[PDB]
Amino acid sequence: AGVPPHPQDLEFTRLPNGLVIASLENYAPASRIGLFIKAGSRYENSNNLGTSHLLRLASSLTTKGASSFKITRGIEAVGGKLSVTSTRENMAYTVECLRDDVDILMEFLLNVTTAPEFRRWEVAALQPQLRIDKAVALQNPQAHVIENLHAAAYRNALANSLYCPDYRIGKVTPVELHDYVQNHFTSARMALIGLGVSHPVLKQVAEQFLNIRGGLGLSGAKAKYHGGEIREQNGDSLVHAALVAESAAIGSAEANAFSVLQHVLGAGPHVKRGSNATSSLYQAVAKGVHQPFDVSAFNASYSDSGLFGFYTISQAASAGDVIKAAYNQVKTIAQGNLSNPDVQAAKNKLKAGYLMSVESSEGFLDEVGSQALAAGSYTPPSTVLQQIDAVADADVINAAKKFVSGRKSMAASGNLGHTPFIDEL
Amino acid sequence: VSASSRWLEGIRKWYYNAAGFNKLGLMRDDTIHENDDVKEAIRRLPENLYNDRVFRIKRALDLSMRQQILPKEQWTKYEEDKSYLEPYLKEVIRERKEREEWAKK
Amino acid sequence: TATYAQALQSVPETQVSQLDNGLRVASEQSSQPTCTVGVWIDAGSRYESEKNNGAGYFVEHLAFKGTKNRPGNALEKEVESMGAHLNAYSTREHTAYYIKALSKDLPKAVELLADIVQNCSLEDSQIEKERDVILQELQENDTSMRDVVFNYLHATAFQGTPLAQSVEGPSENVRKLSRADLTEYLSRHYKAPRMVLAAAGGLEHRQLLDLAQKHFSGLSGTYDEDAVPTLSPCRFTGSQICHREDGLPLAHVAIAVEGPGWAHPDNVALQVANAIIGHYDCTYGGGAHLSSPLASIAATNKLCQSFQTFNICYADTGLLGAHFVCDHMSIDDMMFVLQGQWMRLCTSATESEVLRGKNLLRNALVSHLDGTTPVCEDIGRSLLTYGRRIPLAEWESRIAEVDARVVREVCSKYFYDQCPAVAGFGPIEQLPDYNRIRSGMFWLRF
Amino acid sequence: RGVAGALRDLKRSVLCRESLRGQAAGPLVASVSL
Amino acid sequence: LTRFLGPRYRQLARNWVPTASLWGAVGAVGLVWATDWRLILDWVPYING
Amino acid sequence: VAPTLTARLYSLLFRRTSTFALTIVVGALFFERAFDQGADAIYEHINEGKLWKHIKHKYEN
Amino acid sequence: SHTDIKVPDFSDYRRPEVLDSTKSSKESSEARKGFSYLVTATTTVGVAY
Ligand SMILES: CCCCCCCCCCCCCC(=O)OC[C@H](COP(=O)(O)OCC[N+](C)(C)C)OC(=O)CCCCCCCCCCCCC
Ligand SMILES: CCCCCC(=O)OC[C@H](COP(=O)([O-])OCCN)OC(=O)CCCCC
Ligand SMILES: CCCCCC(=O)OC[C@H](COP(=O)([O-])OCCN)OC(=O)CCCCC
């Protein structure tokens, strides 16, 4: 019988300095460790914009315990990996390797995050990588729109871009990197997660090397939702557009209602080259639009705010038709036209999607690290499905009501000669 | 530790004045031979130290053209000679030796 | 504590069973709420003739469009309603249809897969609508220089053979493929001993076998009298194809020698050597300090935007080599450094770098089989190529056998003084002449 | 390799309606590595 | 110039000693042949003429 | 001799450049002895009476 | 549309061994190289003499 052993359940610890440790021994051949930090681009201000982007690119620069040459060769010697993933709220320093080399890569991880030197010449040589890295990301039109959508939505913090403003390329200083690490990479802002690691080891590492004090308080300044529109005329073949309203902070019950509304409206495709029969946005637009297009509900939740809406791609001349058809479909939901089989199928898509998002070690580690910083706890899957089941249909209708009546934020790129402004919707 | 130390330092100060690069306003690190380790260290110098190094060498070459020296007041005093380049060069050498030790295994 | 070696023993054994009709049923049980299950078919464009070269890809466009039991989007609604995901792909040798769904939905997921692979209703109205879709996809694929240059490499390397054909087929075939061509393709290739019902996730192998006898017993396991397809060996040809197009901003180059195939033990040592050469992207953080000489030289001197090594396996043949993308004044230097590393590994491979390649492959193997869907693919595809699931403990044994001598011997066998196949696309005026490339495959000093 | 995920050299062209599905964004993430 | 003393460099020398031995045979035979070195060629069987 | 003759010459002698050069220098050695031997035997057969080494027997001393 | 490209037939140029699409070129890989490199080695021998 190839029945597997009994799976060990995760262990979790909050140290009195605010640091969070969470380990899971899955006895896998590989180990994964990640240091999640409340250091995303929201914590930049108008004087040091882009500092967290350059910081994201500087994980292999020289540290006090490891030269730049050694970090690259030591990790590659044991076939390991070092990555830095960054959202508007978090930075996630993750390291992967086989079980027997965790000591090696933990030491590199601690040096990168707790003892970088930011040598003036090494930083100078890295500045052009901001332009390369930004250019590679921004050849997806989706990256432009979402970055402009946040700049238009918020007055500060969440308005900040994941990528360095062009005027700052070459201008980010080693002092700014030092200052950014010193007041954001602190114990009360950190979470040390490890898969294929023992809890005593992580707890030992955390107490020995991650007892960093000083710095700043949690979450910095609050994100002030504004509303507005940013329009980028570039004559692309297709018009990309996003229309949203403020929705709900992550961790609140109202956020689950928005998540369920997302899968009622239609989040993404489930069948290859399918017509998206159960996608209410796609069928609404498909009625009076026969040209090619795409439409999808957009859901972004943060510590102190959120954005909900939809994202459209269409021909430049059909942009207004696609947008107005999509917006009206949400209005009918706000008007109470929502069946119970619709919400139950959406819960199935949502519940199934969550479980599928944590079957890999990479996706599991990111979820546990995200929960540790957002919620300060670990919520197992069964409890998450419980919270999803608790969403009532009236909660979903109310979220749709909040979107229709809320002050809108919009971003669009392309030939915008037929893309409406907000006041034309 | 004055007795034996000051005699050694006394012979070093003798040699320093005998070398005579101070007579052109130069410092010791201005006279080092530029190999690959030294070009990198010079590259790593901050703006002010680089610009100071450039003008002192330019002033010395101008003197060498004219077969002149500075007045004695403007000679580089042995006690005031700053080894501004040595710490950068030491790191550059330490980095190269690390590469070489990795190239052996 | 637990070691790396001990962790390899903890991997569950992949159970295997075969139905009476010949359908092979394989599964690796985990402790997961989700699973991936699908059918891997030993069919692809290498089995297709010049007439019907686009049929299997055409069938992929029709597999999810309706069946005799669930016509129209009825299948599409059942998958979406239970939150599951339905997907498929076709290569030159293998076709796959698989579903990602909750473990509780495994009985329905298996039922749908059986309905798709047996009772696909290829309605004429749907065939004509998927005609224009495929043609539009051909226009899109023309804009991907990576997909183009790799089809060019196959076109010249295996010229005159079935492997020279593309998976999607030519433009002309898609406008005259009839329903009879597609049904003849299906009824001739979708036989039970060439299909593998693979699954992975939270599920007992018993229930998968029950669902197999329940929904796949109604399948023809009796081949035709003498219409059993047999793959002929495909002649490799040292040759070159150069699509000069200076209007494009970067050159794409693919070069390769003939590999041995899926079941050859030498693939392990070849993959170690490719790991030593590795890959590069202009967004990597290592740059000058990267271990691979090709990668560090390319980063420091800006010789390319990216390169990748590959070992593409087929039945008794394959493409072993690399591909890169660079400015028009850098093609010659990239070719020079690339070939220099091939010759260096043939003649002067050291022990420490080989331990590097072994370690990279160990991490690449373990990190890839991380999730229900990659494991389900490794189950289905391995049973077609190897006829069995090769446990990770066996791969570790083959990797550990590799030392510097093995890499020098294995690489010389396939690289040294061999005729490569070259494929060039873009601003390729500086692409070296074939004789000069061929001369780069040996060293006068050796 | 550098990543930009938001869904929850001339790149290529998207022409038909089948190849557009999945492209509409659905909270950006940026990832860098070695 | 001590940096060339290491395990990798002695594995590299071991890979190239068969080749350098053979290039010595090429030069030795080439020198004997080009100069008609009677001291060595008297021992070769058929060459004796 | 089931493998091709040219095939066995390549695997043994021509694959490496070092042995490819050794076969040439050793070939020029044995080629020089046989070529001069056969060439001189042809020049002498056409001129059998005429040469001095064909008349050296008359002048014993 | 780039899939409409096929490499033309070289059958009236190929060597005898490599004309069969259903036969591996590895079979005659050994002999073909030796024939061409034999011609080179003979040329050097003649130049050498
Ligand atoms: C103390 C005295 C020492 C002397 C000892 C005698 C040394 C004899 C030479 C030995 C070196 C032979 C090495 C060699 O052949 O490589 C150079 C090229 C390449 O040959 P190739 O067959 O093209 O490719 C070699 C690949 N391999 C090794 C894997 C089979 O092969 C060639 O191209 C050589 C043949 C070309 C001859 C024409 C060049 C000579 C100058 C032209 C003179 C005639 C016109 C005036
Ligand atoms: C004493 C001889 C020194 C070596 C000179 C020599 O052989 O030149 C190299 C080329 C053949 O090597 P390649 O062009 O295949 O490049 C192989 C690289 N891997 O040979 C030629 O055809 C050049 C003609 C030289 C005649 C003087
Ligand atoms: C460097 C230039 C060398 C040229 C010397 C020379 O004239 O060679 C003549 C001898 C003749 O061989 P031998 O058996 O009569 O011996 C007669 C002894 N005098 O051949 C040799 O001995 C060649 C030796 C090569 C050594 C580098």
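The residue numbers of chain C are those assigned by Swiss-Prot, with the residues present covering 35-480 sequentially.
So this one's X-ray crystallography, 3.0 Å, going by the header.
Cβ from N, Cα, C; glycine included.
Copied over from Swiss-Prot:
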type	residues	note
MOD_RES	C:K111	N6-acetyllysine
MOD_RES	C:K138	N6-acetyllysine
MOD_RES	C:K163	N6-acetyllysine
MOD_RES	C:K163	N6-succinyllysine
MOD_RES	C:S212	phosphoserine
MOD_RES	C:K248	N6-acetyllysine
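Ranking the modified residues C:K111, C:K138, C:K163, C:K248 by the distance of their Cα atoms from the Cα of C:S212 (phosphoserine) places C:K163 first. Comparing the modified residues C:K111, C:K138, C:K163, C:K248 by how many other C-beta atoms lie within 10 angstroms of each C-beta, the top residue is C:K111. Of all the modified residues in the record (C:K111, C:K138, C:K248), the one with the smallest CA separation from C:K163 (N6-acetyllysine) is C:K111. Counting every protein chain shown, the number of other Cβ atoms lying within 10 Å of the Cβ of C:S212 (phosphoserine) is 12. In this entry, C:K111 stand out among the modified residues C:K111, C:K138, C:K163, C:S212, C:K248 as having a C-beta under 8 A from a C-beta of chain A. In this structure the C-alpha atoms belonging to C:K111 (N6-acetyllysine) and C:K248 (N6-acetyllysine) are separated by 23 Å.
Note: the Cα of C:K248 (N6-acetyllysine) and the Cα of C:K138 (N6-acetyllysine) are spaced 17 Å from each other.
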